[PDB]
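Tertiary structure, described
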Amino acid sequence: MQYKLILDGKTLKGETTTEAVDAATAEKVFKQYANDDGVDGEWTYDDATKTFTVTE
């Protein structure tokens, strides 16, 4: 399944995607991506749109 990540960081904003078997797996992929880009924030998830948001 496709999942989307919205980054609402102080110095990085935008969106990316990944393909994952479920949302728990997508969450780990996205949390690694965000950490690698220095984005530390609060994570929220909307299942209807398969979209994570990280807000710094």
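Preceding this section is the structure that the text describes.
A short tour of the structure in this document, coming up. Every chain here is numbered from 1 following its written sequence, a scheme that can differ from the numbering in the entry; residues without coordinates are not drawn. Only hydrogens and water are removed before side-chain values are computed, so all heavy atoms of the structure are retained for them.

1. Some thoughts on the environment of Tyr45
Note on placement: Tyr45 falls in strand 3 (residues 42-46). C-alpha of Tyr45 to C-alpha of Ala23: the two residues are 22 residues apart in sequence and 9.0 Å apart in space. In what follows, a contact means two residues having at least one pair of non-hydrogen atoms within 4.5 Å. Residues contacting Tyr45, with those up to four places away along its chain left out, are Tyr3, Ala23, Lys50, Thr51 and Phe52. At a separation of 2.7 Å, a polar atom in the side chain of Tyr45 contacts the side chain of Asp47. Helix numbering and strand numbering both begin at the N terminus, where a helix is a DSSP run of H or I of at least 4 residues and a strand a DSSP run of E of at least 2. We call two N or O atoms a polar contact when they sit within 3.5 Å, provided that within protein one can donate a hydrogen and the other can accept it, with sequence-adjacent residues counted only if both atoms are side-chain atoms.

2. Re the sheet that holds strand 4 (residues 51-55)
Whether two strands pair depends on DSSP finding at least two bridges between them. Taken together, four strands build an open sheet; the order of strands is 2-1-4-3 and the sheet is mixed. Across the chains shown, the open sheet's two edge strands, defined by having one partner strand only, are strand 2 (13-19) and strand 3. Looking at each pair of strands side by side, their axes are set apart by 20° on average, direction ignored. The pairing of strand 3 with strand 4 spans five bridges and is classified as antiparallel. Bridging across to strand 4, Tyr45 finds its partner in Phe52. Only C-alpha atoms enter the line fits that serve as axes; for helices the fit covers just the stretch in contact. Angles between N-to-C directions range over 0 to 180 degrees. Of the strands in this sheet, strand 1 (2-8), strand 2, strand 3 and strand 4 are in contact with helix 1 (residues 23-36), which crosses strand 1 at around 35°.

3. Focus: the packing of aromatic side chains
Side-chain rings of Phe, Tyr and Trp, where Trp is taken by its six-membered ring, are said to pair if the distance between their centres is within 6.5 Å; with planes under 30 degrees apart they count as stacked, over 60 as edge-to-face, and otherwise as tilted. One pass over the full model with this rule turns up four aromatic pairs. When the centroid spacing of 6.5 Å and the interplanar angle of 50° are considered together, the rings of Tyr3 and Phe52 count as tilted. One end of the pair, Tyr3, is in strand 1; the other, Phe52, is in strand 4, and 49 residues separate them in sequence. Here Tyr3 and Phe52 have matching classes, each one buried. Assessed through its relative accessible area of 4%, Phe52 is described here as buried. Feature note: the residues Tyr3, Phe30, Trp43, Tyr45 and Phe52 constitute an aromatic cluster, connected by ring pairs. For every residue, the accessible area obtained with a 1.4 Å probe (protein chains only) is divided by the maximum for its type, and the residue is called buried under 20%, exposed over 50%, and partly exposed between those limits.

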